[PDB]
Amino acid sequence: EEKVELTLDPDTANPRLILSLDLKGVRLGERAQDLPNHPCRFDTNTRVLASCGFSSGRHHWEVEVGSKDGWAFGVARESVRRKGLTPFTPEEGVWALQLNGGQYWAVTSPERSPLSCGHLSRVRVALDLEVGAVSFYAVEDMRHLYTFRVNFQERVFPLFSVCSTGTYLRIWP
């Protein structure tokens, strides 16, 4: 495995997202800003990717999470569709945990998988492109939250999404 230092890619970010100056934190603003046009920019779903993706090996990072509904995070295949409304599902190229309806989910499809995992504050995401897995652990005790098994066929990026104005995600040092 290998610890990675990530920064958010502001050209992928939906123009409603508010990114911290240091490119670690993301929240949802009210209304879009007039940001420059790029094919990589999510124009409808409230998503942003890190600037660095991974094509081989094992990598991990940590994400600090808000306590209110609206976030989801994990990884996305590079080919995830950027223009138009997409489903937030594995078949559309996102593998993520989510806080929605007051509880945590692994976003499996067609039915999400509810978790019983206490309160999440910081989460370790561990991407293994050797065996084909993405796993999530609560940092404070390394308790296993969920593993998706996927034999990835392309470059995979850290993924963050915030669809409600009262919460946040932050890449954590």
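Superpose the two forms; the largest set of C-alphas matching within 1.5 Å is the rigid core. When you see a residue number, it is the position in the sequence shown, counting from 1.
- Taking the rigid core as the alignment reference, the C-alpha atoms of 29 to 37 lie farther on average from the displayed form in 8 other deposited structures of this protein than those of the other stretch among 123 to 131 and 29 to 37.
- Relative to its counterpart among 58 to 66 and 38 to 46, 58 to 66 has the higher mean temperature factor, C-alpha atoms as listed in the PDB entry.
- The question of which stretch, 10 to 18 or 149 to 157, has the higher mean Cα B factor is settled in favour of 149 to 157.
- Going by the entry's values, 129 shows the largest Cα B-factor out of 106, 125, 129, 26.
- When the CA B factors of the chain's modelled residues are split into thirds, the value for residue 90 lands in the middle one.
- In the deposited entry, the Cα temperature factor of residue 102 sits in the middle third of values across the chain's modelled residues.
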